[PDB]
2 protein chains.
Amino acid sequence: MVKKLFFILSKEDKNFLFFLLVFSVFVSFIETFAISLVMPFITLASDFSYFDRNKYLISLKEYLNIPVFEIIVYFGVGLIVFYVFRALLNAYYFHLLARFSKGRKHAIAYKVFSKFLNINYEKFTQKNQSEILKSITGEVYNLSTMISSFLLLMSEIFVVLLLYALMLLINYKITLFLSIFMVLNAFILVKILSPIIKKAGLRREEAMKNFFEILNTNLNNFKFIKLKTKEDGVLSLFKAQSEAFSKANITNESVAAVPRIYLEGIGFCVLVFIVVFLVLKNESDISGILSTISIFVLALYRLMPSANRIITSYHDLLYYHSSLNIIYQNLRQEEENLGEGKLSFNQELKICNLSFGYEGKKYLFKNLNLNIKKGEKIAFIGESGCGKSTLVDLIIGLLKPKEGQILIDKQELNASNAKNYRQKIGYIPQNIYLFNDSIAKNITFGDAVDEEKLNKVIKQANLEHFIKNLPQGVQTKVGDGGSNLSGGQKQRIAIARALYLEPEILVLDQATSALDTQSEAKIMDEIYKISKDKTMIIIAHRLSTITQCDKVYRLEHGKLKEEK
Amino acid sequence: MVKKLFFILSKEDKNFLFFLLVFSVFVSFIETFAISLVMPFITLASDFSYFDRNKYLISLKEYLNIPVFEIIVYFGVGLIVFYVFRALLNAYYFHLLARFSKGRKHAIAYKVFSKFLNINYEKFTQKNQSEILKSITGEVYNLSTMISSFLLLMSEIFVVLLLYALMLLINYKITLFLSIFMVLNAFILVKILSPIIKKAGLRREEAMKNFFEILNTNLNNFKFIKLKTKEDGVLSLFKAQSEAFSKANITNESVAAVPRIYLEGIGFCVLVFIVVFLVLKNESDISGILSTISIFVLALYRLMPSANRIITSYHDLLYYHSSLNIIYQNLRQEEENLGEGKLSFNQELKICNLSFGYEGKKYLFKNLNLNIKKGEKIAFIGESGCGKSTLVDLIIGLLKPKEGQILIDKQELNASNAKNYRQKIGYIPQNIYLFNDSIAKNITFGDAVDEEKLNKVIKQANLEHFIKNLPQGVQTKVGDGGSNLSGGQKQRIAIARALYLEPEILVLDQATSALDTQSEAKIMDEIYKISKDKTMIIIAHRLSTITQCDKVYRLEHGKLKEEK
């Protein structure tokens with residue numbers, strides 16, 4: 001199951017990853033060094049001896065470099081430069097972690113989005129957009145922060161093992177005591193306290209709910225209370241619930257402080273017994289008792305966060321992580337579309353026996369039939385939701401028929417030429433979704449500009465008096481969808497978007513209502529005047545918009561009857 | 001302005017307050033004992049000397065009590081009993097704080113609620129219930145936790161002052177350096193660091209806003225993407241915004257560790273210059289270097305929580321409290337209703353020139369006139385908010401008329417006799433709010449039970465076939481409002497509630513819609529049959545329910561016309 005992970009990440013990310021691993025092991029050594037290098041400096045600073053004795057201390061001094069008094073100053077400066085060095089180093093490490101995690105958040109999410117773009121229409125549209133959005137923005141973040149948690153985990157288990165080994169070395173006796181005593185201390189806090197904290201917590205949570213409830217119904221029945229004269233009747237309930245809440249809330253607010261005061265008390269109590277045990281034998285070298293103590297204090301101090309990070313990363317490695325990876329496998333290895341080749345359209349769009357049904361599912365047509373001559377401008381009057389939009393979808397490039405053929409100049413429409421057939425249709429969704437940018441983009445939908453063709457389209461989409469009356473002009477921000485724009489401008493800009501593609505079939509998926517003739521009646525005429533050179537399919541929901549339409553097919557359950 | 005506090009709090013609350021006040025300073029001293037009493041034991045436990053010298057230490061040993069090897073064992077116990085003693089003491093202290101805070105929550109919220117119960121109907125109904133609920137459950141919590149925060153504040157400022165004075169005594173030289181460096185370091189973290197972080201926080205928030213904003217619009221326009229074949233168009237923008245998010249997300253995650261790693265860097269760096277200044281003179285008594293370090297470490301260590309709590313409680317002493325206390329003052333000194341004395345009803349309910357308006361407000365009536373013979377069963381067709389409900393409120397006990405008299409057997413209804421008149425009306429609100437309890441209560445509305453009267457009432461409100469078909473029976477929990485109950489049973493339970501008060505005027509405030517005759521048509525006849533012996537006022541909303549009404553008055557601008 002490790003081969004899953006090595007399929008997602010790229011090579012540069014691998015280099016970066018191992019870099020971060022080596023770094024992770026490194027900072028462990030740097031930390032344990034930053035902690036260990038206190039004992040020598042704290043035990044050699046006083047008394048001012050050790051220079052005159054000890055087979056090791058005199059060598060660096062008798063190496064003819066330093067007198068006797070510059071052995072503490074220089075060493076100390078060396079350490080403070082070492083600590084500023086740490087202050088920079090750890091920051092860089094975490095920077096690399098962040099850079100890696102979120103840079104990956106970018107990179108893989110790009111792939112997921114792209115693959116979802118290359119996947120076929122039916123499989124994309126069969127699963128809700130919550131699943132897709134989550135699949136390209138949620139799982140990615142989760143995985144990124146997951147990996148960061150893993151590298152940090154490595155770092156800290158290394159810090160733990162290293163400092164534990166150091167403690168094992170320094171005082172072989174005390175470390176075992178503090179070990180057995182530590183794994184007991186965690187037991188007192190996770191088996192004897194935490195469930196009772198959960199207990200008082202749930203008690204407060206329930207009492208608060210109850211209290212607010214009867215206070216709310218009591219306020220709801222005031223007209224009855226005032227007319228009942230007796231008010232103490234409901235105070236008999238209020239003072240009853242309020243005291244329960246006032247009890248559970250104090251048991252909770254009280255039991256929460258037990259651990260820390262426990263930790264202080266035990267914090268000193270563990271120190272004094274160890275003192276009174278190391279008295280039975282003589283070893284305390286004045287500074288010795290405090291030299292080993294400063295060290296173990298430091299060690300425990302640095303170990304607590306390592307343990308915490310370990311546990312947190314553990315819960316993040318249980319809760320999250322795994323429950324995403326397999327999902328990812330179902331998204332990249334998920335198949336795409338296909339097809340390549342051209343197809344000509346100079347005569348008809350013969351349909352021939354559609355018969356279509358989704359992934360369930362009862363058939364929506366079962367032998368649907370019509371044909372669309374080049375330039376017909378037809379419309380699909382329905383009863384809203386009958387399948388007119390689905391019919392048009394099948395007529396156009398999308399949706400694979402169950403029994404159909406859909407001929408284009410007596411030539412069968414399939415996957416090969418589906419590319420080129422999808423290419424030669426606009427859309428104009430009426431209720432459109434613009435993305436926050438500069439009018440031109442959208443319309444061009446990101447694919448650069450052309451100036452000439454763009455102006456041909458703006459001229460053709462009758463927006464010249466709207467582009468003239470804009471401050472920045474063609475470069476104004478649509479705010480979102482509009483926001484900065486409004487209805488008519490949306491519609492016409494979409495018309496521009498579909499007329500930027502030009503030929504040959506203009507779909508027009510008009511939605512329910514437009515409100516009213518003070519918009520649609522004019523725009524329709526403009527459309528009839530601009531759809532002269534091309535063919536048009538209109539997914540009509542009502543009426544009064546199909547006046548100049550050559551053909552009108554009514555689709556109701558469950559066949560297709562010709563109206564006009 | 002402190003006398004406000006002693007008007008809200010009772011005597012027991014005052015005593016408890018001063019008690020917790022003294023307690024705070026006490027635990028301050030006990031804690032500083034736990035910190036200071038380390039130095040004697042840290043300097044006398046090892047090495048095993050000091051017993052032979054010192055004018056005081058030689059006394060207790062020469063006081064004929066101890067050998068030579070049992071002076072550390074016994075002395076240690078003195079501290080180890082003391083620290084468990086603390087483990088109990090602080091626990092009991094915080095327990096007392098919690099008990100005071102939430103006990104105050106109870107008692108005080110009770111007082112406010114009770115005052116809202118004694119206040120008159122119009123001022124109660126003129127202010128929205130949000131302000132009320134908050135005034136008896138929101139502000140109270142703030143004041144409660146506020147006072148506890150103040151006591152804790154005193155405790156910790158005392159700990160601060162004592163340990164600061166002790167450090168001042170022990171080493172009068174170093175404490176000043178660490179002081180100026182405290183106000184300098186905190187300056188580095190709150191004047192040089194803390195203000196600059198906010199910028200990055202808002203920046204990241206905005207970058208996330210932009211990216212996540214533009215990611216949805218991309219998925220919203222997929223039909224066009226599929227019809228375009230080319231996938232790179234939106235990938236070219238996605239790779240542009242996602243990297244902006246991927247840049248903003250790494251800088252904050254990098255800068256968030258800056259303060260703490262700074263804290264280690266300075267944490268050690270501050271030690272060494274002090275070393276290189278205290279080496280120039282002989283004073284280091286081997287353990288001295290580590291004794292003074294241990295002491296100042298303990299003190300600074302204990303000072304951090306004191307400062308932190310000071311700041312936290314300070315923000316609780318800034319944000320909250322005030323905007324509640326005056327609010328609170330506007331509820332204790334708030335005025336109530338009045339009245340006492342009886343009044344008879346045997347003939348008519350003469351009105352005589354009502355004319356009413358709320359706290360604004362254009363009059364809803366301006367000279368209203370009628371009379372209600374005992375048992376008339378009249379109805380008020382209105383336009384909802386036209387003033388029919390207000391009219392009925394005036395007819396019954398609530399709301400004081402601006403020009404009216406409201407005679408009851410030729411006797412004026414005012415504040416004095418309003419009690420007995422309020423007593424003699426039921427209600428039946430149609431859309432009712434039961435509170436989570438045992439059917440009997442509600443019906444009796446909290447005022448205990450009666451068995452005889454309850455059975456007579458359930459008998460009168462025709463609900464027996466629903467009580468036999470319930471598990472617990474009359475002791476079933478209505479769950480919420482119902483939840484466990486449904487429609488008809490709700491209504492009839494309310495009818496029972498108003499029939500438990502029994503006579504003599506049955507209001508029926510019907511709301512909009514019921515759906516349909518399978519409920520209203522049935523209930524209405526039963527109501528008409530139980531109102532035979534009584535009089536009835538119906539705030540009717542429609543028709544077909546006022547069929548059996550003897551009189552029907554329609555309220556329109558701005559009079560009342562008899563219908564039938």
# chains A, B, ... in the order shown; residues from 1 in each chain; ligands from 1

$ residues_around --residues "residue 70 in chain A" --least-positions-apart "2" --cutoff "12 Å" --atoms "only C-alpha atoms" --output "list in words"
residues 45, 48, 51, 60, 61, 65, 66, 67, 68, 72, 73, 74, 75, 76, 77 and 78 of chain A; 276, 279 and 280 of chain B

$ interface_residues --of "chain B" --to "chain A" --cutoff "6 Å" --atoms "only C-alpha atoms" --output "VMD selection string"
chain B and resid 47 73 80 83 to 84 87 95 98 to 99 102 to 103 106 217 227 to 228 233 242 246 250 254 261 to 262 265 269 272 276 284 286 to 287 422 to 423 435 446 to 447

$ write_last_selection --atoms "C-alpha atoms" --output "compact mmCIF listing (two decimals), in the first residue's frame"
# COMPACT_ATOMS: atom_id res chain seq x y z
CA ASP B 47 25.80 19.29 50.59
CA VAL B 73 14.84 12.99 55.47
CA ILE B 80 6.43 17.29 50.58
CA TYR B 83 3.09 20.69 48.34
CA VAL B 84 0.28 18.15 48.51
CA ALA B 87 -2.44 20.47 45.55
CA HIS B 95 -13.54 25.21 43.08
CA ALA B 98 -16.34 28.31 40.05
CA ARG B 99 -19.04 27.91 42.70
CA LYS B 102 -21.96 30.04 38.48
CA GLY B 103 -23.88 30.26 41.75
CA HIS B 106 -28.08 31.08 39.05
CA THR B 217 -16.84 29.61 -10.76
CA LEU B 227 -17.97 21.73 -25.43
CA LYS B 228 -14.58 23.38 -25.84
CA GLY B 233 -7.68 27.33 -20.61
CA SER B 242 -3.56 28.33 -6.49
CA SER B 246 0.31 28.36 -1.99
CA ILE B 250 3.65 29.12 3.65
CA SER B 254 6.77 29.96 8.66
CA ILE B 261 12.12 29.98 18.48
CA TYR B 262 12.98 33.54 19.36
CA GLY B 265 17.19 31.84 21.37
CA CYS B 269 21.26 33.93 25.05
CA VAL B 272 25.53 34.00 28.86
CA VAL B 276 30.44 36.93 31.27
CA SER B 284 30.38 31.86 42.58
CA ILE B 286 30.10 26.21 43.11
CA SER B 287 26.38 25.63 43.72
CA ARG B 422 -57.18 38.55 34.55
CA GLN B 423 -57.92 35.47 36.64
CA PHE B 435 -42.68 22.79 27.72
CA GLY B 446 -46.62 24.07 36.56
CA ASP B 447 -49.03 24.70 39.43

$ select_by_dssp --residues "range 171-409 of chain A" --states "alpha helix (DSSP H)" --output "number ranges by chain"
A: 174-190, 194-220, 222-226, 232-255, 258-275, 288-319, 322-332, 388-395

$ closest_residue --among "B:142, B:36, B:531, B:512" --to "residue 382 in chain B" --atoms "only C-alpha atoms"
B:512

$ atom_distance --atom1 "CA of residue 415 in chain B" --atom2 "CA of residue 330 in chain B"
23.6 Å

$ closest_residue --among "B:39, B:26, B:156, B:355" --to "residue 296 in chain B" --atoms "only C-alpha atoms"
B:39

$ atom_distance --atom1 "CA of residue 464 in chain B" --atom2 "CA of residue 499 in chain B"
15.2 Å

$ residues_around --residues "residue 324 in chain A" --least-positions-apart "6" --cutoff "10 Å" --atoms "only C-alpha atoms" --output "list in words"
residues 135, 138, 139, 140, 142, 143 and 330 of chain A

$ select_by_dssp --residues "range 401-506 of chain A" --states "strand (DSSP E)" --output "JSON, numbers by chain"
{"A": [407, 408, 505, 506]}

$ residues_around --residues "residue 179 in chain A" --least-positions-apart "3" --cutoff "12 Å" --atoms "only C-alpha atoms" --output "list in words"
residues 164, 167, 168, 172, 173, 174, 175, 176, 182, 183, 184, 185, 186, 296 and 300 of chain A

$ atom_distance --atom1 "CA of residue 469 in chain A" --atom2 "CA of residue 527 in chain A"
22.7 Å

$ closest_residue --among "B:533, B:376, B:348, B:452" --to "residue 407 in chain B" --atoms "only C-alpha atoms"
B:348

$ residues_around --residues "residue 406 in chain B" --least-positions-apart "3" --cutoff "8 Å" --atoms "only C-alpha atoms" --output "mmCIF file with N, CA and C atoms, in the first residue's frame"
data_model
loop_
_atom_site.group_PDB
_atom_site.id
_atom_site.type_symbol
_atom_site.label_atom_id
_atom_site.label_comp_id
_atom_site.auth_asym_id
_atom_site.auth_seq_id
_atom_site.Cartn_x
_atom_site.Cartn_y
_atom_site.Cartn_z
ATOM 1 N N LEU B 349 -69.927 43.603 29.465
ATOM 2 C CA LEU B 349 -68.576 44.145 29.424
ATOM 3 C C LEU B 349 -68.562 45.442 28.628
ATOM 4 N N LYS B 350 -69.108 46.501 29.217
ATOM 5 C CA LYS B 350 -69.170 47.799 28.553
ATOM 6 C C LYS B 350 -67.768 48.361 28.342
ATOM 7 N N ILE B 351 -67.556 48.988 27.191
ATOM 8 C CA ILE B 351 -66.224 49.434 26.817
ATOM 9 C C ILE B 351 -65.966 50.920 27.091
ATOM 10 N N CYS B 352 -66.752 51.788 26.457
ATOM 11 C CA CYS B 352 -66.691 53.239 26.669
ATOM 12 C C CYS B 352 -65.357 53.883 26.266
ATOM 13 N N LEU B 354 -62.384 53.522 24.079
ATOM 14 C CA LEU B 354 -61.056 52.946 24.294
ATOM 15 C C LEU B 354 -59.926 53.858 23.812
ATOM 16 N N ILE B 395 -59.714 44.422 26.018
ATOM 17 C CA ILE B 395 -60.945 43.877 26.593
ATOM 18 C C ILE B 395 -60.639 42.978 27.784
ATOM 19 N N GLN B 411 -68.806 48.829 36.368
ATOM 20 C CA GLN B 411 -67.664 49.165 37.219
ATOM 21 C C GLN B 411 -66.380 49.257 36.405
ATOM 22 N N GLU B 412 -65.677 50.377 36.541
ATOM 23 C CA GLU B 412 -64.490 50.631 35.733
ATOM 24 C C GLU B 412 -63.369 49.656 36.076
ATOM 25 N N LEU B 413 -62.762 49.098 35.034
ATOM 26 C CA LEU B 413 -61.621 48.206 35.166
ATOM 27 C C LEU B 413 -60.331 48.996 35.099
#
